[PDB]
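One chain comes next, on its own, written as C-alpha cells: the form deposited in one PDB entry.
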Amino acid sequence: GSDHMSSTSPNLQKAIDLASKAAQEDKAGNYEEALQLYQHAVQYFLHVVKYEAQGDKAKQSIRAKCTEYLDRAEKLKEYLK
C-alpha cells in the first residue's frame, strides 16, 4: 500500500531504520557496530535535509534527531571495542 513511501523518501526511511539499529547495538553495550550506525544515520539525514527537503519548515524534524546522533557517538568512544 502507501507504507510511508507516499510521504517519506527512501533515504529518510533508510536513515531512521539504521538510527534505530544504532541505539539497539549501543544500549545492549556491544559498543562495536554502534559507532558507525550513529554516523551513517546522519550521513543520510543531512543528504535529505540539504538536497531533498519537504513541507517548508518540516525539514527541522531531522535537524533535531541528527544533532543528537552525531553527539551520542562521542559517548561510545569511552568503551567502543
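Note that residue numbering begins at 1 and tracks the sequence as displayed.
The following text describes the form deposited with a partner chain bound, which does not appear among the structures shown.
Enquirer: How about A73 - does it come within 4.5 Å of the partner chain in the bound PDB entry, if we only consider non-hydrogen atoms?
Expert: Flag for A73 set to yes.
Enquirer: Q43 versus the partner chain, in the bound PDB entry: is there a non-hydrogen atom within 4.5 Å?
Expert: Although the partner chain is absent here, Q43 would touch it in the bound PDB entry, with heavy atoms inside 4.5 Å.
Enquirer: Taking the shortest heavy atom distance, is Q24 within 4.5 Å of the partner chain in the bound PDB entry?
Expert: No.
Enquirer: Could you tell me if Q13 has a non-hydrogen atom within 4.5 Å of the partner chain in the bound PDB entry?
Expert: No, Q13 is distant from the partner.
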